[PDB]
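Undergrad: here is the sequence, then the experimental structure:
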Amino acid sequence: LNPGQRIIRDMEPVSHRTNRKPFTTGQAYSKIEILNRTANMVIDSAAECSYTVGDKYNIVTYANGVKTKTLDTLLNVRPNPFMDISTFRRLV
Amino acid sequence: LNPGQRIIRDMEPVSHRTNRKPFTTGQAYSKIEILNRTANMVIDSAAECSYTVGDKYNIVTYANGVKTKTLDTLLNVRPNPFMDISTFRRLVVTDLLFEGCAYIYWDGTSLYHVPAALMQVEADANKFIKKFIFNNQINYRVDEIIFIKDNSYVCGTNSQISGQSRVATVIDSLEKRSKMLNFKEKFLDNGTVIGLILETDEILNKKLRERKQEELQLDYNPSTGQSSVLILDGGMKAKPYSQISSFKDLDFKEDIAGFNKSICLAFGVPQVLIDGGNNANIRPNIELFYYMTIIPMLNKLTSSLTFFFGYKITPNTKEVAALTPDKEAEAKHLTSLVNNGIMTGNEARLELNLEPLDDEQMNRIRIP
């Protein structure tokens, strides 16, 4: 596999957050105009890109055997029975 | 081999790091905006170059006999069973930029990124490199690592083996700029703003004096109150004064701009990309940024991979949406070459990303 892994594992055995100051960040976004506008421009612009599904590589993977029409419908149309596509994308 | 090697070996028997100040560098990247943006632009731009695998040279090498389809799938699609291609590329480019070196293990049919901060290179006395030491705790054999290094001139020796960090040259400026900005703020909180000074040689009842100060302050300000003439009696004198130190003399603006330019220059991203300009500015500047900064890095990497595998390997930009040429020019280029019988039709379809069409004429030159 990778002999070094047992050592790399000990350099950072568990993730840690980086968004310190979460409260003041939510205040800023809720109160400072230029942050609100630029963030909304980025989110609202990225959310409206369509996804195209191409050919299938032969390699095995986790999400095995899903028919293309289903994956297309999930990505482009309906992620799950309860939430739209746009809200899902903007959340992500 | 090389008679001098036994001597060169003693000039630098083991590599040494060059990214001193690792903590403050991680603070800076985590906290200073212009560093974060320019680094993210470089990493995110380099990660999206595709690689093309060419012909095979006949020379023997370490990674012998790997079929082209496998190498292509590993480089373009899936480096190993557990990590994507994009995360792998971004990790490798991060190490190459920040530390100045990058190392990749190979395991028959797997490539794994190996953190550059923990590797060390030991010089051989006859060959180039004897072994790679990881964390002083495991030794990798030479034919099991792919090694990349940036330029290095160290302690007055041109340096094999070692690599200079790029980012290490920038910290000096990030400190000074931060200092100025903090001073620019704190002068305001240390400030002192007086509206009027009144003076006497008499002694006045302190409580009434304080009340009088608050009355004058609330009455005279136009926002709070109406009154504006002031009549002094019993000998209170108004003392003329002046602002003994003023905010006007803090004209920092060009000095901090210089530091921004230095940072922006160390990565080598044109200011037009930080601003956005006119069309004539913007469209050529993208090609400037791509060709001058990124493509030499990828040429370092691909030349190391062609050395290791022995295949011709080179990066293809034409997937990059930023570069992709104008729909008008490309059509007149391709059409004119096709009609004048220099290039076959399917070659044009290929260049337009289209599948070749099997009609024989599409693979014929047309003379007239």
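TA: Now that the structure is in, tell me what you want to look at. Residues are numbered from 1 along each chain as shown, chains lettered A, B, ... in the order given.

Undergrad: show me what from chain A comes close to chain B.
TA: Residues of chain A found near chain B (C-beta under 8 Å from any C-beta of the partner chain) are A:1, A:2, A:3, A:4, A:7, A:8, A:11, A:18, A:57, A:59. Placement of C-beta: from N, CA and C, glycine included.

Undergrad: nearest spatial neighbour of the residue of chain A found nearest chain B, skipping sequence neighbours?
TA: Closest contact between chain A and chain B, by C-beta to the nearest C-beta, is at residue A:2 (4.6 Å). In this structure, residue A:2 finds its nearest non-sequential neighbour in residue B:112, 4.6 Å apart by C-beta to C-beta, 6 or more residues apart in numbering or on different chains.

Undergrad: and the one you found, bridged to which residues?
TA: Counting by DSSP bridges, residue B:112 is bridged to residue B:105.

Undergrad: give me every residue that touches it.
TA: Going by C-beta atoms under 8 Å, 6 or more residues apart in numbering or on different chains, residue B:112 touches A:2, B:79, B:80, B:83, B:104, B:105, B:106.

Undergrad: those: which two are farthest apart?
TA: Spatially, the most separated pair among the contacts of residue B:112 is B:83 and B:106, at 14.3 Å (C-beta to C-beta).

Undergrad: if you count surrounding residues, which of those two has more?
TA: A direct count of neighbours by other C-beta atoms under 10 Å in any protein chain shown for residue B:83 and residue B:106 places residue B:106 higher, at 19 against 15.

Undergrad: from what I can see the more buried one touches residue B:141, true?
TA: No: using C-beta atoms under 8 Å, residue B:106 is not in contact with residue B:141, being 10.7 Å away.

Undergrad: quick one: end-to-end length of stretch A:54-70, please.
TA: Stretch A:54-70 has an end-to-end distance of 13 Å (C-alpha to C-alpha, to the nearest Å).

Undergrad: quick one: distance of stretch A:76-92 to the chain centre.
TA: Taking the mean of its C-alpha atoms, stretch A:76-92 sits 12 Å from the chain's own mean (C-alpha atoms, centre = their mean, to the nearest Å).

Undergrad: again with stretch A:70-90
TA: With C-alpha atoms, centre = their mean, you get 13 Å for stretch A:70-90.

Undergrad: for residue A:83, phi and psi?
TA: Main-chain torsions, residue A:83, degrees, to the nearest 10: phi -120, psi 140.

Undergrad: end to end, how far does stretch A:56-70 reach?
TA: Using C-alpha to C-alpha, the end-to-end distance of stretch A:56-70 comes out at 14 Å.

Undergrad: could you do stretch A:45-63 as well?
TA: Chord length of stretch A:45-63, first to last residue, is 29 Å (C-alpha to C-alpha).

Undergrad: one more: stretch A:47-66?
TA: Terminal residues of stretch A:47-66 lie 24 Å apart, using C-alpha to C-alpha.

Undergrad: do the same with stretch A:55-71
TA: With C-alpha to C-alpha applied, stretch A:55-71 spans 12 Å between its terminal residues.

Undergrad: next one: stretch A:52-68
TA: Start-to-end span of stretch A:52-68 (C-alpha to C-alpha) is 11 Å.

Undergrad: one more: stretch A:50-70?
TA: End-to-end distance of stretch A:50-70 (C-alpha to C-alpha): 16 Å.

Undergrad: please compute how far it lies from its chain's middle.
TA: Mean C-alpha position of stretch A:50-70 versus that of the full chain (C-alpha atoms, centre = their mean) differs by 18 Å.

Undergrad: for stretch A:20-37, same thing?
TA: Centroid separation for stretch A:20-37 versus its chain: 21 Å, with C-alpha atoms, centre = their mean.

Undergrad: would you mind measuring the gap between the ends of it?
TA: One end of stretch A:20-37 sits 22 Å from the other (C-alpha to C-alpha).

Undergrad: cool, stretch A:64-81 as well?
TA: Distance across stretch A:64-81, first residue to last, is 21 Å (C-alpha to C-alpha).

Undergrad: do the same with stretch A:63-83
TA: Between the opening and closing residues of stretch A:63-83 lies a distance of 21 Å (C-alpha to C-alpha).

Undergrad: stretch A:58-75 now?
TA: Span of stretch A:58-75 from end to end, C-alpha to C-alpha: 21 Å.

Undergrad: repeat that for stretch A:56-76.
TA: Rule used - C-alpha to C-alpha; the end-to-end distance of stretch A:56-76 is 18 Å.

Undergrad: swap in stretch A:67-81?
TA: One end of stretch A:67-81 to the other measures 18 Å (C-alpha to C-alpha).

Undergrad: repeat that for stretch A:15-24.
TA: Terminal residues of stretch A:15-24 are spaced 23 Å apart (C-alpha to C-alpha).

Undergrad: equivalent analysis for stretch A:21-40, please.
TA: Terminal residues of stretch A:21-40 are spaced 20 Å apart (C-alpha to C-alpha).

Undergrad: many thanks, we can stop here.
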